[PDB]
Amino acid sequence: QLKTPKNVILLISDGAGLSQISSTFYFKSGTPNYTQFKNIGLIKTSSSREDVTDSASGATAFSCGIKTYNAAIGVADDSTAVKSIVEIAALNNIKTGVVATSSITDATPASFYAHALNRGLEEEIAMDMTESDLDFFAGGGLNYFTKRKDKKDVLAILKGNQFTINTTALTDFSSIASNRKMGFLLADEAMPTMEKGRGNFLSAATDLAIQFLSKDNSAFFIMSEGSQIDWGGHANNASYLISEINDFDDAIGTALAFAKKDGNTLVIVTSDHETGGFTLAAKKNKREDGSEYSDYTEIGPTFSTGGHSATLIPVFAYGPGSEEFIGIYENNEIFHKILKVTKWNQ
């Protein structure tokens, strides 16, 4: 008989396997917020058609609770729309939010508010935002709203659906407190990398979402994504990968700090899949004649692929109901477990 969380925060590190997570224990100043977690599980990430998942089916597993085909956005294997956790939350009087460091129309955020046959339909996904139940969002992707191939001004449609939109910068809570809904579109495409000075966007936007969505003692659901960990993996770029997941761990600390103060909030941290075969290998030293040998004293990150991989992925959970997330299970059970512990009407 587990406790029942009022609020849920789901943080997704795109492309972070256990090796990526491990880098925070070696390449971050201070202890990782990961260490606050006790309840840990493992998910199997394959899609309905492919051993190696993409981000679209991976996120749809979490958001909708079904295995589906790579590239699907909130649709089942037969392409029909399926009810998402955000749509359920709305029907249970729960305020909802989505934060991302990619475009807001990218596969991960999109799976939580849109229904599209293919993740590539990003202008369609943007239009879907205007019909969604979301109360808050923050990310990049201004292009998909204001510079579209179909020349439509979707920004105007957003605002005509009760969204207050800021395209300049994240503000503080008091700035937005009296708005019905709030949207931040802070880049034309993806947000800047950490190495290009994105700073504490992910944490700040998550903290802002929490304050905005908990107005009037309301319960809330938030999904925040460390989107660019995946891109570091694809590029086989260690410093990129490392700086992005270090930022994600900061966001974890933000969520957990709120949850510990609040006492009624479940925080779930997981990834959609691993990418790059990132490995914390021994540093390579080079001698005069003999060239290369391994030095176990230090780490030199290596990669083995430019794409995703099918390893099981760690799930971390803190707060009321967090015990439900231990053991080993299919990725789509994340959805069913959130539904189970919150006791929301399906």
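Note that residue numbering begins at 1 and tracks the sequence as displayed.
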> Comparing 36-44 with 289-297, which stretch shows the greater average C-alpha B-factor in the deposited entry?
Replying inline: 289-297
> Taking the recorded C-alpha temperature factors, which stretch has the higher mean, 174-182 or 252-260?
Replying inline: 174-182
>> Between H273, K95, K152, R119, which one tops the list for Cα B-factor in this entry?
In response: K152
> Going by the entry, which of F145, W231, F220, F137 has the most elevated CA B factor?
Replying inline: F145
> Going by the entry, which third of its chain does the Cα temperature factor of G306 land in?
Replying inline: middle
>> Based on the deposited C-alpha B factors for this chain, I'd like to know if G30 is in the lowest, middle or highest third.
In response: highest
> In terms of the chain's CA B-factor thirds, is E124 lowest, middle or highest?
Replying inline: middle
>> For the chain shown, is the CA B-factor of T342 in the lowest, middle or highest third of its modelled residues?
In response: lowest
> According to the PDB entry, is the CA B factor of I242 in the bottom, middle or top third of its chain, that is, lowest, middle or highest?
Replying inline: middle
